[PDB]
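Protein chains in written order, with our numbering: chain A, 1 to 776; chain B, 777 to 971; chain C, 972 to 1087; chain D, 1088 to 1507. Where is the CB? At the ideal position from N, CA and C, for every residue including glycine. Heads up, the thing below is written out as structure tokens.
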Amino acid sequence: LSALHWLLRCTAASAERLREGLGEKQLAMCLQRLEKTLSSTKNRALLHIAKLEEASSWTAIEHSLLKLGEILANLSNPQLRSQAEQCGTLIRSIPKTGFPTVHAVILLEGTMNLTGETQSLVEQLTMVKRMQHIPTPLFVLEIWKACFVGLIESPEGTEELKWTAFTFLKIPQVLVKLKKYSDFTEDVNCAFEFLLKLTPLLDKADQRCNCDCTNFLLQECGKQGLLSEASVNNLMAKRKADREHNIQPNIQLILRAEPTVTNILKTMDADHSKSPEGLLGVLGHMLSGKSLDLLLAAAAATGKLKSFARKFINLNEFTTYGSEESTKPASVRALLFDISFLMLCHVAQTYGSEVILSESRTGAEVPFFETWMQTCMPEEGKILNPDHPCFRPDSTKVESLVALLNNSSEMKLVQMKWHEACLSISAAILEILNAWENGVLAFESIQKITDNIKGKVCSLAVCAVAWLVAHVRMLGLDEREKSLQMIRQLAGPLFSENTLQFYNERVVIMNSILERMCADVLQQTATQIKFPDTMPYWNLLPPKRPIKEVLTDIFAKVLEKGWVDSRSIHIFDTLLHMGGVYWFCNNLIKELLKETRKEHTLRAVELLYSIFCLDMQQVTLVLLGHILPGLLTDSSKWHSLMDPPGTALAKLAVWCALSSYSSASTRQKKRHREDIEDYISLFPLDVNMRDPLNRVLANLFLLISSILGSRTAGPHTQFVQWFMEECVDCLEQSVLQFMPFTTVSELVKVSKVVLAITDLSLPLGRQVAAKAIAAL
Amino acid sequence: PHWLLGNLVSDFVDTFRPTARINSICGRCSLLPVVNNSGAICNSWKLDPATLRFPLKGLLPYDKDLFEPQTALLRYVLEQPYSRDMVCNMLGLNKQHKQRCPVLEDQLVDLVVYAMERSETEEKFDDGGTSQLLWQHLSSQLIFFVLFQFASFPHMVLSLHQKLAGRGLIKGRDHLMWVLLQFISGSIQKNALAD
Amino acid sequence: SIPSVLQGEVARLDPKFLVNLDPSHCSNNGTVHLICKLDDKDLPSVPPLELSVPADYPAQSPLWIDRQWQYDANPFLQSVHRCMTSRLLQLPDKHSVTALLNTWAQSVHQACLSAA
Amino acid sequence: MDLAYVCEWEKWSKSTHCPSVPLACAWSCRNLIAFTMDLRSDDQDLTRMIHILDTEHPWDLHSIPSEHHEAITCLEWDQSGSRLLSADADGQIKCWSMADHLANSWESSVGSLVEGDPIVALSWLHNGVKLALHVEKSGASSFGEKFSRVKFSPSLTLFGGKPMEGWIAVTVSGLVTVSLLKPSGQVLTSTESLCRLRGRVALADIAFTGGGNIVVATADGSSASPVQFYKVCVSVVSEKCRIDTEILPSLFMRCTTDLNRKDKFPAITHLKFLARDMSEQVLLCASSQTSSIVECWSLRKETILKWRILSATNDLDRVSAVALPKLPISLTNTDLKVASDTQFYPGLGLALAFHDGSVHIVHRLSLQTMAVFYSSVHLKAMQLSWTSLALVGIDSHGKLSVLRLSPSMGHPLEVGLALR
């Protein structure tokens, strides 16, 4: 510190001699020793740890620096003045673009789990804001831009409803919890002005929402309290001025339909004071076009889908059995069973099955629909055993049921115990199929039985088609031909003239459910059943092309755009499920490592973090356990650790490590429940330490210490330097709890910041700092 | 070269490029003779019977085409009438010894599929039109080269089967069958039927 | 911790040498690292010298960590360094630590005599 | 039963900081073991070397430096012993042949490539030769009575009785690929999806049938999803390969319909036909983290064709490797009787390694344990021999051991029977 002060005084005196003179190379040499001392990382670290013990000499340092800067800036040089500016910046250094990751995280949560809790999303977004240090206006701007872009790119149908509910109901609650968990109104107002500059985005959005969606946004953020009212009014004035250059739109329907979700909960707690005709009227208004979807989108975006499912499940349990009745009352109760069943199947097929589960049932009294969905309904990753014991309840009831279906119209709907009937249809149509395969039943009687099934109550067709789909999936190719005809009659157009009530709407919902049940089996053999898009992201892969070409093409297009689409998110999910985690993560990292530009490498990493957020935990285990030790240990591989991809890769590894430590799709939940591995055996290692991530991190830090300690420094040593430096910079304070203490010594033997940050700067802490930084 | 020598040898051979450039008849790949049946073969047109390459003096770095099999010269000579002894003098065939020369066999097959292509172009605008003349000359030439076992029958037929693929070559299949009939009718009694 | 062959060598050294362990470098593991010294009225003060003794020390030769930059900036230290590399090439294989230290002291003495 | 020798690497073990990989092992008809191991010293190509060990050689191990950029999934010798197919993750099937007819110099000129897709099953095509051993005619004094050819047809006969040679591989996507080697150096490749519903194939296996049909079984590891089956028919249409697939009856697995505690054993870990050319029986191995179940199934007809279970073990340790026999016994009822009376047990055993040291030689038909060998660390790869008297095995270290199994499985026989 004193020699730096003497050097500053030498530059001041030599520059004064230069001013009096006007070869004065003394200034050139003085500045050369300034930049040669200060250019080293050792010396600037030593001055920074020298700062603490000698306070107020730094003031004299900077005042001499200011007078030096004046006397040099008056007499500029073609080379020395730039040098003096550089050294001034160095002595001050001792004590953008867009942000694609927030974009793709928001678009991922919109596409995959609308029904996820907001706290997980707030935790993930705060994480991303802390990893790469993001200002708050640009952060909220990227949230709004992602939401609007995903709304515009949404396919028409229920996905447009889910995206309108996601922007207008899920995102303000996220910003509210960000306001809690962190001067937010000024920042969100700044971000709204940032957004209101983007007139083409907002006009494309306005053409899709057929109204001023920015007006509804500003009134909604006013209601939540993100924005002050004066801000809201001048923003709406600006938007109207920029805008100047009969059916309700979906946003008004959703914003008014969320209070109807709450009030429909509170009024149908009590079965309309046990008036089932009122229930029939309200539920018939629900099955009128798009009203169910609007309620479900609002309830999903606002966290109340679970209570909605509990309410319809309890209604179903109430209408299962039969009270003592005549002809008319039972014909209302069976319709209540149909409406509750079909809406529950539609919920379970759209928003996943885990909102239907009760998650704790004290006592054995699990409802009928939960067990039926558990053991009998096809989902995406669920294939069913047709001769599971669930599909073989009795032999007694099933003969009564086939006699019931061969009697005529049910006529005996006055007491049916509909759960028993729906559980027995599988065995019933099994015996019907055996009778038709022997030949003892004609095709015309098959038509009669299918009409008796599908006519009075539509849920029977759904239960039968579920068992038929399981049974056709098990069969061979030539043996299928008969059973597919059964689906053609069960899923055919309407049987008429004996319908109870609301028949066409139940037919419409049932045709959707049967589409999503049969689609896979009718993909295996080219069979068109032609029900009436409702499956917008389904069957996305090309039929014959090897799957790495799909992966590299989608990652090339995502890099050249700069953000991840919704369709690209779905194909990336199917490839992660198909080729497995290791293949996926390895091929994406290969496609990283063949980039040569700084800009494209940083963008690729900011996208790949969000792509790996499909299953972050398993991807981190593969990344820090298999990919990185294979790149660091192989002697031929580390030429790929080139600087412009290598710094980016080290950033991605440390972001993945931190986000996995601090701590998501249904395929990934199923597959990790499938997975068996012994991480104690995989990483023998010469807190818990039976948690595999701690084991991978301990193994990786042993590898890093071994690389830093060895001879033959190459690009891999630069890699582990960068990894430790962004471990230091990215942390708040812990991933570095697993670092071996020999790394503390060795890292400044190989050079710096990993000591000057880690020490926490007590008076004794300077002594350990100055010991390590000076001694190489 | 080996990865330790590398440039040290490769550049060295590159400095022998001008000497090879001196010792090359320029345009040698595109010079063609006039086929006379007289014998007394000029030794310029002799090819290597193993690989259809020009025999080259030395180990110099010659130009890249001189290391290719000269199929153009051999097809031009086989397409000429009365080029029977000249093809033997080129490929060193001797007729005291039967050998099953393979590159001759492949060139004859490719000549047949070229005739089949050019017959499938039209063959009906001009009645003579060089097509049936080509098929007659193919009959005579291929009879001689399969008869003395310089090529062989069944490898020729099955390689011919592998070529007639993906071009749908069907308009003059009767001519190809006629040529095969010449071979079978010539030599059914000498060989087993499994040939 | 430290292999006892090295304690036997260091316990028998002449009081010219002042061998101590490096504060820097890995410790209590395979190889060990030494920073020696030289005290002798006859000999001049010289750069400290850095030694890297492998584990399984006998049956192999220790290595002298070369620091060319401090053996510049004088003619005398240059002569010390040239003569020391010469006697190092002259050494038999599988030599001790004391052979290195004694070639160092003899190199300093020759570079005193050759200079004057 | 007994341990003949244990061959270990010297100082080249202690793989550090990089986790283990699964190993391959292949015992040829000539006694040459081809196998890969996790050496992991100064390079990862030390996990991409294919070691050829002549089994009579004391320690002369050849090490082919295969140029496989990812880890070698499958090794597979010929129907003869003269070529070796090796395929890794990311495509790249290579066909190593001898150089100058030395068993120490291998070089591959021929291979296939389905880039990016990991090969998960690999097999040579069947050349139509199959013979059956009648043990009850052991004294019959003529070799035509003892060993008899069983009229099998080769997949893809070409212009004569002569089969084409080639391989068929099944990737981790739905893709299957067939490569046909000509008598000339040419090679024809074709890839085609197995079925239209493209899905994960995490485990796969290949058998052949009479009639020249390949039967390929796929599973996606979940053990609550069906083990699907496809019939593949190869043809050469106008000089190119052509693959025709057709779905067969799938099966589900018991221990999922157990209903007491069905959630256990959630991973199918090994799928194996009982022998290639025995396409009607299937051995499956479900496993949890600690325990496992093997099962045998059969296609047998009555739905005409339908997979029914034969037998299953009670509960085991976690099965780490599985070796099926190669001796083609005649398997019918009289030969089962005479091989139980005269204690001939070479063709009736599978070996099951476990995650403790033990190895169980267990019956083919009803999986009851015939013998037990305690290692005194687990076998990560096992292979029985072609006469099935010795099993080779690579451990969870560098150790490669050859065990001898007695032909009567330890039950003492009089000397005339052992002679016979």
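Next item on the list: Out of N250(A), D271(A), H245(A) and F184(A), point me to the one whose CA is closest to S231(A)'s CA.
Entry: Among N250(A), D271(A), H245(A) and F184(A), the Cα nearest to that of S231(A) belongs to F184(A).
Next item on the list: Identify, in the order they occur along the chain, each residue of the same chain with its Cβ nearer than 6 Å to the Cβ of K637(A), setting aside the five sequence neighbours on each side.
Entry: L631
Margin query: Can you pull the chain A neighbours of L1392(D), defined as C-beta to C-beta under 9 Å?
Written below: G476 and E479
Notebook entry, point to check: Going along the chain, which unbroken runs of the alpha helix (DSSP H) with 4 or more residues stay wholly within the region 640-673 of chain A?
Noted result: 643-662
Next item on the list: Let me know the secondary structure DSSP gives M1136(D) once reduced to three states.
Entry: strand
Checklist line | Sheet register partners of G1436(D) (DSSP bridge) | finding: DSSP links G1436(D) through a beta bridge to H1450(D).
Margin query: If I follow the unbroken alpha helix (DSSP H) through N434(A), where does it start and stop?
Written below: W418 to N438
Next item on the list: Buried or exposed for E497(A), please, with buried defined as at least 16 other CB atoms from any protein chain shown within 10 angstroms of its CB.
Entry: exposed
Note to self: If you reduce the DSSP assignment to three classes, tell me which class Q925(B) lands in.
What the structure shows: coil
Next item on the list: Say whether the region 929-949 of chain B touches the region 986-1002 of chain C, bearing in mind that this needs 3 or more beta-carbon pairs closer than 8 Å, one atom from each stretch.
Entry: no
Check: Using a C-beta to C-beta distance shorter than 8 Å, which residues of chain D count as neighbours of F683(A)?
Finding: What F683(A) touches in chain D: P1106.
Notebook entry, point to check: Using the beta-carbon of each residue, which ones in chain D are nearer than 9 Å to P546(A)?
Noted result: The answer, in chain order, is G1178, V1201, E1202, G1203, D1204, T1258, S1260, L1262 and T1278.
Check: Which value, in whole angstroms, describes the spacing of the CA atoms of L357(A) and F308(A)?
Finding: 12 Å
Item checked: Neighbour-count burial assignment, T758(A), 16 or more Cβ in a 10 Å radius -> Buried.
Next item on the list: Check whether the region 829-848 of chain B touches the region 888-907 of chain B, counting contact only when three or more Cβ pairs, one atom from each stretch, lie closer than 8 Å.
Entry: no
Check: Hey, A301(A) and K180(A): beta-carbon distance below 9 Å or not?
Finding: no
Margin query: With distance defined between alpha-carbon atoms, name the residue in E898(B), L880(B), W821(B) and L952(B) nearest to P809(B).
Written below: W821(B)
Notebook entry, point to check: Quick one: what does DSSP say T319(A) is sitting in, helix, strand or coil?
Noted result: helix
Notebook entry, point to check: So what does residue 1082(D) bridge to, in DSSP terms?
Noted result: It is not possible to answer for residue 1082(D), since the shown part of chain D is limited to 1088 through 1507.
Item checked: Proximal residues to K238(A) (C-beta, below 6 Å), its chain only, five neighbours per side dropped -> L196
Check: Looking at the structure shown, is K1359(D) part of a helix, part of a strand, or coil, going by DSSP?
Finding: strand
Next item on the list: Starting from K1101(D), find everything on chain B with Cβ-Cβ shorter than 8 Å and list it in chain order.
Entry: The contacting residues do not exist; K1101(D) stays about 30 Å from chain B at best.
Next item on the list: Would you tell me roughly how many angstroms separate the C-alpha atoms of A1026(C) and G1444(D), rounded to the nearest one?
Entry: Straight-line Cα distance between these residues: approximately 35 Å.
Next item on the list: Assign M1457(D) to one of three DSSP states: helix, strand, or coil.
Entry: Strand.
Next item on the list: Give the residues of chain G in contact with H716(A), contact being defined as C-beta atoms less than 7 Å apart.
Entry: Here the protein chains are A, B, C and D, and chain G is not one of them.
Next item on the list: Please report the residue range of the beta strand (DSSP E) in which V1274(D) lies.
Entry: Here the beta strand (DSSP E) through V1274(D) covers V1274 to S1280.
Next item on the list: Would you mind reading off the limits of the alpha helix (DSSP H) that contains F341(A)?
Entry: In the DSSP assignment, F341(A) falls within the unbroken alpha helix (DSSP H) covering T327 to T350.
Check: In its own chain, which residues sit with a C-beta less than 6 Å from the C-beta of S1266(D), not counting the 5 before and 5 after it?
Finding: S1199, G1253, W1254, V1274 and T1276
Next item on the list: Scan the region 293-304 of chain A for residues whose Cβ lies nearer than 8 Å to a Cβ of chain D and list them as they occur along the chain.
Entry: none
Note to self: Tell me whether the region 583-592 of chain A and the region 605-612 of chain A touch, counting them as touching only if at least three CB pairs, one residue from each stretch, are closer than 8 Å.
What the structure shows: yes
Note to self: Let me check understanding here. Comparing Cα to Cα, which of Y679(A), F495(A), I547(A) and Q721(A) lies closest to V748(A)?
What the structure shows: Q721(A)
Note to self: Please list, in chain order, the residues of the region 723-753 of chain A that have any C-beta partner in chain C closer than 8 Å.
What the structure shows: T742, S745, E746 and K749
Notebook entry, point to check: Considering only residues of the same chain and omitting the five flanking positions on each side of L294(A), which have a CB-CB separation below 7 Å?
Noted result: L161, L253, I254 and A257
Item checked: Selected residue, minimal CA-CA separation from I1448(D), among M1469(D), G1231(D), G1299(D) and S1463(D) -> When each option's Cα is compared against that of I1448(D), the closest is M1469(D).
Next item on the list: Answer with yes or no whether the minimum CB distance from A775(A) to chain C is below 9 Å.
Entry: yes
Checklist line | Start-end ranges of the alpha helix (DSSP H) lying completely within the region 430-485 of chain A, minimum 4 residues | finding: 443-454 and 459-474
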